[PDB]
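Scope of the values below: all heavy atoms of this structure, side chains included, with no hydrogens, waters or symmetry mates. Numbers for residues simply follow the sequence, beginning at 1.
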Amino acid sequence: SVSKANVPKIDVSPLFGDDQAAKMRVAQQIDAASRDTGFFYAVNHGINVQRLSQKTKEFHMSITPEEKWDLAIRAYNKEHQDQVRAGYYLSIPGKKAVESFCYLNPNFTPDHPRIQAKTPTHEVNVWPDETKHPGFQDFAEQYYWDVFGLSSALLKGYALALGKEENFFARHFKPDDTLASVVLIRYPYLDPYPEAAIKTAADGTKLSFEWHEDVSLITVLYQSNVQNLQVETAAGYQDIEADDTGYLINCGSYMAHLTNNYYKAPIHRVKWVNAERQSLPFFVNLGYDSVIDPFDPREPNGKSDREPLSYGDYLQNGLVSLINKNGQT
Ligand SMILES: N[C@@H](CCCC(=O)N[C@@H](CS)C(=O)N[C@H](C(=O)O)C(C(F)(F)F)C(F)(F)F)C(=O)O
Ligand SMILES: [Fe+3]
């Protein structure tokens, strides 16, 4: 057997209010989790995740092959050269089981100055036809803002945890410019499940996706209640329990950089499970030009021998690197 990872449940509701001592006690919990396995469940988060899952299911189960080509990213459809990030990521039956739909900041509109400049990592979202998917675009865009609000609160907790003022990260996480993304991932039940779509870890575990660190500041994840994630600890890979009422939170490698690995980006992987399920990450990304000076909360003077890295450089290089390491998703 594999041991269960320590993934505490943290009531994050004080991070939405004005009781400062209560916020500090939440920050301590975040600090402890960040120093241990690197994962926790945010509870009392205020998001209607059941409705999120229902609206996502209705989308995934009704979208047609024709629509998928029409929304496809460049990796699947050469006609769509502007779609590097946003759009549909197709399955390849017999070979690749997972499929997904990614969207970015709704404020990245044709008139947005970064869209006008064609700055890397900024794209205008693509959507299915409203008559085929009534309400879907509006639901999805509202979800973006609901999970942006939770993420802002969580970033206040991380800042406090690190000995900073609560706006330390959140001041770089702004509606008009965030590079954050939502991905609506569908993992299918398949009978038979093709072996080509199953990877095998060095330890023999069957996987849907190999070990990695997240490309994010933090990742704010809703999943179905089907156990699948594993985190590498000093005691080996451990199973992260599912909890479809909470959000699973972890740091990404930008946090690791900024904190000189005080808050590591935990290495994790996705086990193969033959189940129809959802994985709905929000990758908390800053603005293209956001730069935070790296520091070290284990050093008396707080100084780090890491150099400042802009978030846009981090992100563009990280997303390419992850594709090269673990394959196009
Ligand atoms: N396209 C997004 C970035 C996606 C980066 C990415 O591929 N991340 C991985 C690891 S967190 C990811 O999304 N993995 C998924 C998972 O962990 O369930 C799935 C998949 F990508 F298919 F959705 C899988 F594991 F299968 F790769 C963006 O532009 O912001
Ligand atoms: Fe991940």
Side-chain angles (χ1 to χ4, degrees), residues 27-28 30-40 42 84-85 104-105 114 119-122 148 151-174 177-181 183 209-221 229 231-234 248-269 281-326:
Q28 183 276 324
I30 292 170
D31 180 71
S34 302
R35 294 163 61 187
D36 182 21
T37 69
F39 285 87
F40 69 93
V84 181
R85 294 183 69 195
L104 309 182
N105 193 334
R114 292 291 193 169
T119 303
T121 74
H122 303 76
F148 179 99
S151 296
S152 291
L154 291 171
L155 286 179
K156 291 175 192 177
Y158 278 99
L160 289 174
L162 288 160
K164 304 300 186 196
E165 69 96 11
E166 71 178 19
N167 295 308
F168 182 85
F169 298 115
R171 70 195 166 191
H172 298 279
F173 188 55
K174 297 169 304 306
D177 58 37
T178 177
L179 289 162
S181 60
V183 192
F209 192 69
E210 263 288 9
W211 72 270
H212 63 289
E213 296 181 350
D214 285 356
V215 184
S216 70
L217 182 60
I218 65 171
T219 301
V220 176
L221 173 70
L229 295 181
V231 56
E232 191 175 49
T233 71
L248 186 67
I249 316 304
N250 62 277
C251 291
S253 57
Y254 197 76
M255 186 69 81
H257 185 246
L258 293 178
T259 68
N260 198 34
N261 227 25
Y262 175 68
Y263 295 174
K264 297 181 180 40
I267 290 165
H268 55 288
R269 66 190 186 186
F282 181 64
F283 297 113
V284 178
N285 294 323
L286 302 184
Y288 193 77
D289 282 335
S290 302
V291 183
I292 291 170
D293 291 337
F295 61 101
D296 190 344
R298 290 168 302 182
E299 293 292 316
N301 63 15
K303 297 182 184 307
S304 165
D305 300 318
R306 288 175 178 253
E307 293 296 304
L309 174 58
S310 78
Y311 202 90
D313 289 337
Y314 166 77
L315 183 61
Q316 183 186 205
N317 308 151
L319 294 182
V320 170
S321 292
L322 186 56
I323 289 161
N324 292 344
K325 184 207 174 293
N326 278 10

Next on the checklist: Would the distance check show the side chain of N105 and the main-chain N or O of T178 forming a donor-acceptor pair, the cut-off being under 3.5 Å?
Outcome noted: yes
Checklist entry - Can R171 be said to sit on top of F168's aromatic six-ring, NZ or CZ under 6.0 Å from centre and within 45° of the ring axis? => result yes
Next on the checklist: For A27 versus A161, what's the shortest heavy-atom pair and its separation?
Outcome noted: O-CB, 3.4 Å
Next on the checklist: Set out, in order, the CA-CA distance, both residues' side-chain angles and the distance that settles side chain to side chain contact (heavy atoms under 4.5 Å, CB included) for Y254 and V215, then state yes or no.
Outcome noted: CA-CA 7 Å; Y254 197 76; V215 184; over 6 Å; no
Checklist entry - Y314 and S216: which non-hydrogen atoms are nearest, and at how many Å? => result OH-N, 3.0 Å
Next on the checklist: Before you tell me yes or no, could you show the steps for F282 and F148 under ring-ring contact (aromatic ring centres under 6.0 Å, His included), namely the whole-Å CA-CA distance, both residues' side-chain angles and the distance that decides it to 0.1 Å?
Outcome noted: CA-CA 8 Å; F282 181 64; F148 179 99; 7.2 Å; no
Next on the checklist: With a 3.5 Å distance limit and no angle check, can you tell me whether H122 reaches the backbone of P120 through a side-chain donor-acceptor pair?
Outcome noted: yes
Next on the checklist: As a quick check of understanding, evaluate side chain to side chain contact (heavy atoms under 4.5 Å, CB included) for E232 and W211, giving each step before the final call.
Outcome noted: CA-CA 9 Å; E232 191 175 49; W211 72 270; over 6 Å; no
Checklist entry - Which heavy atom of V284 sits nearest a heavy atom of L155, and at what distance? => result CG1-CD1, 4.0 Å
Checklist entry - Does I30 reach the side chain of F40, with side-chain heavy atoms less than 4.5 Å apart? => result yes
Donor-acceptor pairs are to be reported for all side-chain atoms of residues 315-324 against protein atoms at under 3.5 Å, with residues two or more places apart or in another chain.
| unit_1 | atom_1 | unit_2 | atom_2 | d |
| --- | --- | --- | --- | --- |
| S321 | OG | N317 | O | 3.0 |

Checklist entry - Does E210 have any side-chain contact (heavy atoms from CB on, under 4.5 Å) partners at least two apart in sequence or in another chain, and if so, which? => result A201, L207, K325, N326
Item to check | Nearest-0.5 Å distance, CZ of residue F295 to NZ of residue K164 | outcome: 4.5 Å
Checklist outcome for this item: OG (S290) and OH (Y311) are apart, to the nearest 0.5 Å, by 9.0 Å
Checklist entry - To the nearest 0.5 Å, what is the distance between CG (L229) and CG (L248)? => result 6.5 Å
Checklist entry - Taking the side chain from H257 and the backbone from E307, do they hold a donor-acceptor pair closer than 3.5 Å? => result yes
Checklist entry - Which atoms form the tightest heavy-atom contact between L104 and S181, and what is the distance? => result CD2-CB, 3.6 Å
Checklist entry - Shortest non-hydrogen contact from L154 to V220? => result CD1-CG2, 3.9 Å
Item to check | Separation between CZ of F39 and NE2 of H268, rounded to the nearest 0.5 Å | outcome: 4.5 Å
Item to check | Point-to-point distance, once rounded to the nearest 0.5 Å, from CG of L160 to CG of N167 | outcome: 9.0 Å
Item to check | side-chain contact (heavy atoms from CB on, under 4.5 Å) partners for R298, two or more places apart | outcome: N260, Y262, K264, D296
Next on the checklist: Can you tell me which residue among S253, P266, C251 is in a side chain to side chain contact (heavy atoms under 4.5 Å, CB included) with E213?
Outcome noted: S253
Next on the checklist: To the nearest 0.5 Å, what is the distance between CG on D313 and OG1 on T121?
Outcome noted: 9.5 Å
Next on the checklist: Parallel, tilted or perpendicular: which one describes the rings of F209 and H212, with boundaries at 30° and 60°?
Outcome noted: perpendicular
Item to check | From CA spacing to verdict: side chain to side chain contact (heavy atoms under 4.5 Å, CB included), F169, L258 | outcome: CA-CA 10 Å; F169 298 115; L258 293 178; 3.7 Å; yes
Next on the checklist: Against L179, only a single residue in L286, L217, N285 fulfils side chain to side chain contact (heavy atoms under 4.5 Å, CB included); can you say which?
Outcome noted: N285
Checklist entry - So, for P297 and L162, which heavy atoms are closest and what is the spacing to 0.1 Å? => result CG-CD2, 3.8 Å
